[PDB]
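Taking the form deposited without its partner chain, here's one chain by itself in structure tokens.
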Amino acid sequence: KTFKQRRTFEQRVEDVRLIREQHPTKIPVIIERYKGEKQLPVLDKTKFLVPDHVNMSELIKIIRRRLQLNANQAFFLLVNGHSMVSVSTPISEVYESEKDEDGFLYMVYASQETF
């Protein structure tokens, strides 16, 4: 069901190394809907290559546009399993401190703060 269940640890490590080789300026991001989520739709894919200069505030705007949300729909994003302390941090800095041992950066979205 989840990305980690679909691909082996060895397969996930190797896909991050291929992104380092072929898209060296991109952050490898896994974005998944909270398994309780009723209101928000699913994304068209799971694995995203994010330009390393964008901050978390801009990534939230990108994901709202990808999901085709309207102005009043609530959206909450966890990174590495927890709330973001700040949305102003460049994703290169977020990646270095919150990356998974496989080298992906894991995000989960819900319509409620209570995941």
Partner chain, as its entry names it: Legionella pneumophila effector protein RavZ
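Residue numbers count along the first chain shown, from 1. What we label the rigid core is the largest C-alpha set whose atoms superpose within 1.5 Å from one form to the other.
A.B. asks: Superpose by the rigid core: which stretch, 99-107 or 15-23, shows more Cα shift in 9 other deposited structures of this protein?
C.D. replies: Evaluated in 9 other deposited structures of this protein, the stretch farther from the shown form is 15-23.
A.B. asks: Per the record, averaged over C-alpha atoms, which has the higher B-factor: 55-63 or 68-76?
C.D. replies: The deposited B-factors put 68-76 ahead on the C-alpha mean.
A.B. asks: Based on the deposited C-alpha B factors for this chain, I'd like to know if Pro90 is in the lowest, middle or highest third.
C.D. replies: Middle third.
A.B. asks: Is the Cα B-factor recorded for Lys35 in the lowest, middle or highest third of its chain?
C.D. replies: Answer is highest: the recorded C-alpha B-factor places it there.
The form deposited with its partner chain bound is left out here; the points below concern that form.
A.B. asks: Could you confirm whether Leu77 comes within 4.5 Å of its partner chain in the deposited complex, counting heavy atoms only?
C.D. replies: No - in the deposited complex, heavy atoms of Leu77 and its partner chain never come within 4.5 Å of each other.
A.B. asks: Which residues, if any, of 58-75 lie within 4.5 Å of its partner chain in the deposited complex when only heavy atoms count?
C.D. replies: Residues within 4.5 Å: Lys61, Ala71, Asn72.
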